[PDB]
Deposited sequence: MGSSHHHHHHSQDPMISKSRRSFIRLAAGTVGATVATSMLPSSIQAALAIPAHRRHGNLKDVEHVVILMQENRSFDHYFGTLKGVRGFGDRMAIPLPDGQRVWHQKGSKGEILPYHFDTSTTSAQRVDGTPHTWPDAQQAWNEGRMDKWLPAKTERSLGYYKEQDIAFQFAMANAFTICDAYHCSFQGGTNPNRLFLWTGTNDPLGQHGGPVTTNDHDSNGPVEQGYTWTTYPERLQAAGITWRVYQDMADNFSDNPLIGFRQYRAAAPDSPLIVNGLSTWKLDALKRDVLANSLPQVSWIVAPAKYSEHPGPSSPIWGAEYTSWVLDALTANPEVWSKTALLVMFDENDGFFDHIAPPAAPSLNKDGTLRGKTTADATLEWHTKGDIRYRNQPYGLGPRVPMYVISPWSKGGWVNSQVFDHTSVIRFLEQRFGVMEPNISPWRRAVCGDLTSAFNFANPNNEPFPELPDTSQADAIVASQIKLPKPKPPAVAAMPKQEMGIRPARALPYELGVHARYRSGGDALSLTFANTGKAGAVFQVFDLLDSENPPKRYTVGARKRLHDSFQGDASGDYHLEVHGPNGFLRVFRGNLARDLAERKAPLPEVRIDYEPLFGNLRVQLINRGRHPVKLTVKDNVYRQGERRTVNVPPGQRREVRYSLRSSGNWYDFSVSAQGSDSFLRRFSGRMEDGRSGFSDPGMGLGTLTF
C-alpha cells in the first residue's frame, strides 16, 4: 500500500476561518492549551492581545445566545494582515482586525467540523500561503505563486483579477492545470460559473481569457459542473485524477455570505457525492482547507523567510533562496516583508488512508497541495519558490497508505437544518467580548500523531571574555524548518527567523545587553523549544542535546569550560512529575546523562540550572521523532504550567 493507490485527488478550498477560531478547544491539536506559545513584546504569552480598550483575550462565540453563526467578518487584506503580524511580533491583532478577531467557536457551535476532524486527520500546522486575502492565496493553490518579481502581471496582493477582464491585462505566468493538461492527467474544476464567489483564479489569466469556448482550459477550468455532475461522475467511475471544488457564495463558509453550518452542509454534500461509488471512494483523497483566516486570530507564529533590510542584508538567515518571498513592487506598504506564510487555517485530510482522528503537525501551505500532486502524478510546478519547497511539505505525511480502511464513515452530524439554524440564530444579539477577559481553556487529551520529518537542534557556545552567545541552528532531519528567535530582553525589535533546510546548519551571534545578560526563546515546529539564559561577563556551563532515536533515548551532555567544578541540575518540567538529576562536572570536562523517553511518547521538557547561578538556564522541549507514529503532546491543555 502506497501513494500510487490514490487515483483521485479532490481539493475543496473553503473561505476565511483561522485554525484557533474553529479548533483552539479541540483536544489533541495545538490550540489554546499550547505549552509552547510565543511571547509578546511585554513578556506575556501571545494570547494577551491589547488594543484601545485594553486587553482582550480569546473569547467564546456562543451560537446559542448570540448571532455568532453569522458573525460580522473582519479585515483580511495585505496591509491589515501584515499589521497584525507586525514582523512576527504577533502583537497588533486588535487594532488591525477588530475585537471580533479574538472570538472562537466550541464543539457545540460547530459540531460537524469537530466530527470531521475526529473521524479523519486534522493538520494543525497548515498555513495559508499569503498574509491577506482571497485571490493571492488562491493563486498559490492553483499556480504556486503570486508573481513576486512582477513581470507577468504581479505582484498580486489584491483581488483585482478574480473576475474576467481584458485579455491583454490577464496574468501571464503558467497555471498548474495547463501542466496537467499537457501531461495527459485528467482534471476539472467543479463550480457554478453563475455563483462561484469569484473564487476561481484561472479567470485572471490571459491564456484562459483568450481561449476558445471548446478549449480544454475552458471546458475543464471555467465551466459549470455542479455537485450533481460530480456525483454522476463518481457513479460512472469517470471522476478526474485531479478535481477542485469551488462552492457558491452562501456555501463557501466565508463570514460575508455564509456561515459554518452552511459550509458544513455543502461539505456534507461533497462527501455524499464522493462516497456514492465505494470503488471510486476507496481510491480517493479529499483535502478540505481554507484560503485564509479572515482576520480571525491564530496564535502560532507563521514560518517566514527573514525580512530584507534596506542595505540588502537580512534580519535572520536562510539556507534557501528567499528572493521570491519578499514584497518589493506594487503596494508601497510593507515593502521588504515576506508574503507568507500566513496564519494557520483548518486542513482536513479525508480518505481511506487518513481515518482515525489523527493529528499531523508538519508545516504545510497551499503550495503543499501542488507538491502532493507532484509526488503522485509527477507533474512539476516550477513556480514554487525554493524557500517554500524547503519549509513546506508535500502532505504525504498526513496519510498512512499501508493501512487503508474501507469501512463506512462514522456518523457525521446532520446539516439538513442549516437554513432553520441560521434563521433562528440571527434573531439573537451580536456577539461581544466578555466584560472581564479570561484565558481560554483547552481540555487535556491525546490524539494519535503522524511521524514527522523533523530533527532539529540549537546549540549554544559562549566565551568568558566574549561579547555574544553563538547559536548553531542544526537540521539533521529530512524536511526544512524555521527557527524563530525571541529576545526577551529586547521589547522593540522583531524576532529573528532562521530557515534551515534538511541536512544543513546555520550559525549566528547574539549580543549580551549592557550587563552581559541574555535571554533567548527559540521556537520551531510542533512545540520545539530551546531557551538560553545567562550572563557573559568560575565554571562556564553549557549543554548539548542529541537524539538517539534508534534506542529511544535523549542524550544530554553537560559541559564545563571553566576553572572550577559545577553542580548542574537537570529538572523535568512536565512529563516526569518534576524528576531531577544532579551532576558534578569537573573543570574543562563534560559528563553525560541519558533519558529513555518511552514513558512520555518521546516528548521531553527539561531545564538545566547551575548551583550558584540565579540566571543560567538551558531549557529544551519538543518531541524526538523516530520515523514511527506517536501522539500529540500529552501535556496539551496545561499552558505554561511547569513543575
Item to check | Deposited-sequence segments unaccounted for in the coordinates | outcome: 1-56, 594-600
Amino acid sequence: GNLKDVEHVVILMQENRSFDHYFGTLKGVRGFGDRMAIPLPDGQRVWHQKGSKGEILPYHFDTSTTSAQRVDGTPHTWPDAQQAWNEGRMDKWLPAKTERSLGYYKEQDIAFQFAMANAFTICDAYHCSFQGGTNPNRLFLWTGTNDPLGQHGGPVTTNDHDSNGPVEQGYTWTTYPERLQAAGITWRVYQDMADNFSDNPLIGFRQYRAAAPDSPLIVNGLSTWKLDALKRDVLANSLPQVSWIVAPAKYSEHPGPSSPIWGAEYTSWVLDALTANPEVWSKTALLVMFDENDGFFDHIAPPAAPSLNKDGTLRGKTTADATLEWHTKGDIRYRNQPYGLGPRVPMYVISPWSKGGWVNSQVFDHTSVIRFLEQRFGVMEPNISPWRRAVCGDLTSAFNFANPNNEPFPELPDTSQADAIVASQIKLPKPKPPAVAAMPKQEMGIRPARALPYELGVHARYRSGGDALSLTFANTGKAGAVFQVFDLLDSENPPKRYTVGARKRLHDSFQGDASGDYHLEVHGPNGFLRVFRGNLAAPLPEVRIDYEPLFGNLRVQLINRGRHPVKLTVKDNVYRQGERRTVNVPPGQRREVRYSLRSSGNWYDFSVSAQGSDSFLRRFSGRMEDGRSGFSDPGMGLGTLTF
From here on, numbers count along this sequence of modelled residues.
Checklist entry - Taking the recorded C-alpha temperature factors, which stretch has the higher mean, 129-137 or 455-463? => result 455-463
Next on the checklist: On mean Cα temperature factor in this entry, is 498-506 or 408-416 the higher one?
Outcome noted: 408-416
Item to check | C-alpha B-factor winner, where the candidates are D199, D331, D147, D294 | outcome: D331
Checklist entry - Taking the Cα B-factors listed in the entry, which of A96, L341, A479, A438 comes out highest? => result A438
Next on the checklist: Going by the CA temperature factor in the PDB record, which third of the chain does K53 belong to: lowest, middle or highest?
Outcome noted: highest
Item to check | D214 CA temperature factor, ranked by third within the chain | outcome: highest
Checklist entry - Mind checking which third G637 falls in for C-alpha B-factor across the chain? => result middle
Checklist outcome for this item: Assert third(CA B-factor, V46) within chain per record equals middle
Item to check | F606, C-alpha B-factor rank within chain (lowest, middle or highest third) | outcome: lowest
